[PDB]
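Below you will find one chain, with nothing else, as structure tokens; this is the form deposited in one PDB entry, and questions on how it binds or moves follow later.
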């Protein structure tokens, strides 16, 4: 049955062995500690809360192999000196992105904040804040020496991933660590990440992952449902299948959250049914060219995909509907 094929696939392909996940997490802590030391010694004036490791490896959502960690760099902004503006209220008109503006510029003149060095025309530039950390990934830190010292091979990821480090942590296993400079203004948390395409690159991105995955975890906690299990299977398919790799975890997670709004029953025996509904739902969003965020409905999660990527994704999924088991090949 598709049901038993999906559970087999989960067990043998999607689930990451415990050993690699433990070893990857050590590598991340060591890198984070090396970065802590470097910033203490070289950028002591820069105000930061404690950096910490985040993402799907920390909330049991990573699949296939332990290869991706987010290192959150929480910058501290003075709450009276900075405000944020939702992109849809700016002339850029970009939902899910924000400008950050310097406030009280006369009363607290230029220099009253460290972050005044990153201001461009009165706004806190995510490009200038990212560039300050891109200098670290690209190598103001001596990663060869650190790597010899830790027994890892550490190097910058290839372009355009300028805030990402590749870390070979065991023979034959690698990890990508993304350094995410983050600011928090009231209850809004924003991240600077370089983007391919100026429209997004110029603005701070609203962090969506923690709220999306908290919704999913709450839904499953209440009924021990299979929503996460269905998500992980979809992630492992996309990770394992070259055409489908252009789908993101955030996109797949919102497909599942939209389905959880329509279907109350996610008991273990509904996995097969829900898996097929997810495929069909992805097809429908791809044909419309819009996947609204379940948490922020103005944001189109397909906005950054090109139209040919969208057409070719839709085709691959249409080809799989008659025999969905083929998506479980690796």
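Positions refer to the first chain, counted from 1. Under this definition, the rigid core comprises the largest set of C-alpha atoms superposing within 1.5 Å between the forms.
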{"item": "Residue 160 not built in a third or more of the other entries", "value": "yes"}
{"item": "Selected stretch [higher average CA B-factor]: 182-190 or 236-244", "value": "182-190"}
{"item": "Stretch with the greater mean C-alpha B-factor as recorded in the entry, comparing 296-304 against 274-282", "value": "296-304"}
{"item": "Identity of residue with top Cα B-factor, from 116, 78, 106, 212", "value": "106"}
{"item": "Criterion, highest CA B-factor; candidates, 167, 259, 124, 138", "value": "138"}
{"item": "Entry-reported Cα temperature factor of residue 160, expressed as the chain third it lands in", "value": "highest"}
{"item": "Cα B factor band for residue 59 (lowest, middle or highest third within the chain)", "value": "middle"}
{"item": "Modelled-residue ranking by C-alpha temperature factor, third containing residue 129", "value": "middle"}
{"item": "CA B-factor ranking of residue 49, expressed as a third of its chain", "value": "lowest"}
{"item": "For residue 15, the third of its chain into which the C-alpha B factor falls", "value": "middle"}
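The same protein has a further form, the form solved in complex with a small molecule, not shown here; the description that follows concerns it.
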query	finding
Contact stretch among 285-293, 66-74, 259-267, 25-33 - heavy atom within 4.5 Å of the small molecule in the deposited complex	66-74
4.5 Å heavy atom contact, residue 227 and the small molecule in the deposited complex	no
Residue 210 within 4.5 Å of the small molecule in the deposited complex, heavy atoms	yes
Any non-hydrogen atom of residue 235 within 4.5 angstroms of the small molecule in the deposited complex	yes
Residue 102: touches the small molecule in the deposited complex, heavy atom cutoff 4.5 angstroms	no
Answer option from 141, 249, 154, 94, heavy atom within 4.5 Å of the small molecule in the deposited complex	249
Option touching the small molecule, based on a heavy atom within 4.5 Å in the deposited complex, out of 180, 84, 244, 137	180
C-alpha displacement of 2 Å or more between this form and the one not shown on the rigid core, among 234, 175, 203, 73	175
After fitting the core, residue 48 CA displacement of 2 Å or more between this form and the one not shown	no
Is_shifted residue 117 between this form and the one not shown (CA, 2 Å cut-off, rigid core)	no
Is_shifted residue 93 between this form and the one not shown (CA, 2 Å cut-off, rigid core)	no
Relative Cα spacing, residue 46 and residue 143, in the deposited complex - shift of 3 Å or more	closer
Sense of CA distance change between residue 140 and residue 57 in the deposited complex, threshold 3 Å	closer
